[PDB]
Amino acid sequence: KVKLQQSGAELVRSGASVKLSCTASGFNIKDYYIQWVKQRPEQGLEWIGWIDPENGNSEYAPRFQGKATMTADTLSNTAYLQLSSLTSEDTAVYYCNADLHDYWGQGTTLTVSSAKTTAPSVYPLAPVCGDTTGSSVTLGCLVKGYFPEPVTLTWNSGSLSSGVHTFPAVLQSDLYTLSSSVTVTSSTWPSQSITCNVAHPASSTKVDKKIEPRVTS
């Protein structure tokens, strides 16, 4: 279950260093060991090593000795994973996991690139010509031209969870494009407001675009 908070996405140059954090909101991490897992885009899971947070004593997998450094500050309830001399090979999602009820963090996406952080332009997609299927309407949201990943997209701040389809982001010329659709019964919209909420942590951008009925197209 996801009970740990990890630092937001990171964009770092090749050769640099970066430190990722992992903390818990409802308990002290000092009593349970923390382990770090790496997952490269479209590949399996890799075990980095683990640490006893109370005293910071740790063990690293051979392949990460010298590349990774693990520490833990039990006064501020945070475990850290510092990676040095980053290469394209380090681009991945990193998860921390605690030895208590299988608690996992949500993951931190690290992108090793010399490209610039660019915020997305968000566009509301309202249906035209009265289009409906059965008695439902499909609305959409276009998140265009951002870098790096990820972008968090929710509908009505997260309450609107059923009938949502968020399409994986696609890279084109150093910029990503992502889209999402939500299908609701036609009794709901436009009577009730539908808002596309988009957050791009890397540029610390937050945008809500209300999907309103079209004027003449």
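Start at 1 with the first residue shown and count on from there.
- Per-stretch averaging of Cα B factors for 181 to 189 and 52 to 60 places 181 to 189 on top.
- The stretch 112 to 120 shows the higher mean C-alpha B-factor when 80 to 88 is compared against 112 to 120 in the entry.
- The PDB entry assigns the greatest CA B-factor among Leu160, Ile34, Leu45, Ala169 to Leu160.
- By the numbers in the PDB entry, the CA B factor is greatest at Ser136 among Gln106, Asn97, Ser136, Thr74.
- In the PDB entry, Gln5 places in the middle third of its chain by CA B-factor.
- The deposited CA B-factor of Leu11 belongs to the highest third of values across its chain.
- Ranked by C-alpha B-factor against the other modelled residues of its chain, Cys22 falls in the lowest third.
- In this PDB entry, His165 carries a Cα temperature factor that places it within the middle third of its chain's modelled residues.
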